[PDB]
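Below you'll find only one chain, the form deposited in one PDB entry, shown as structure tokens.
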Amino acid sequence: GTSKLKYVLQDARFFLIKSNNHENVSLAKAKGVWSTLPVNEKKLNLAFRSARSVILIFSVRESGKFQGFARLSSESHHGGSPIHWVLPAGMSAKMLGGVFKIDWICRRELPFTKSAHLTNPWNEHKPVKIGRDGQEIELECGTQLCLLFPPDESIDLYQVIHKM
């Protein structure tokens, strides 16, 4: 059903994550980690302490789709077991140095054509697919966007609920 999902999304905050390649999103799905640039890492760390749930909604550039969404389970941390991201051009490895732990809520894709009716008040009411990496999505838009994804019956939201 969708009732446990709605409970997880209650009063959540939402952020758009734009990845330049599929490899890093695949790595994030396998390992449960994400790294972003320091300006967004600061925003996510602040948001993590402010909200019951912080949801990252992922989209790979040029893919025309979202690739799923996940909940932050921790603030960013440094050191740790190394990741091995595929770095875009001009992108340093120390710029992606902060690592967040995430729990996937949905690993299924959603095409942008399916969210064309959703606009984001925090980005001038442009379609929610539009935004830079780290753009915050307002609560009602983010909730409805997450509700559009196909259900991921491989994930049990019971463990997610206990971390709130």
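So that the term is clear: the rigid core is the largest set of C-alpha atoms that superpose within 1.5 Å between two forms. Heads up: residue numbers just count along the shown sequence, starting at 1.
The discussion below concerns the form deposited in another entry, not included here.
Put simply, after the core is superposed between this form and the one not shown, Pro38 is the one residue in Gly64, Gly32, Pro38, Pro127 with a Cα shift of at least 2 angstroms. When two forms of a protein are overlaid on their rigid core, residues whose CA moves 2 Å or more are considered shifted, and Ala116 is not one of them between this form and the one not shown. Core-superposed comparison between this form and the one not shown: CA of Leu139 displaced by less than 2 Å. In this overlay on the rigid core, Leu96 has a C-alpha that sits 2 Å or more away from its partner position between this form and the one not shown.
With a change of no less than 3 Å, the CA-CA distance between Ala28 and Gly79 is smaller in that other deposited form than in the form shown. The pair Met95 and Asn123 is looser in that other deposited form: their Cα-Cα distance rises by no less than 3 Å compared with this form.
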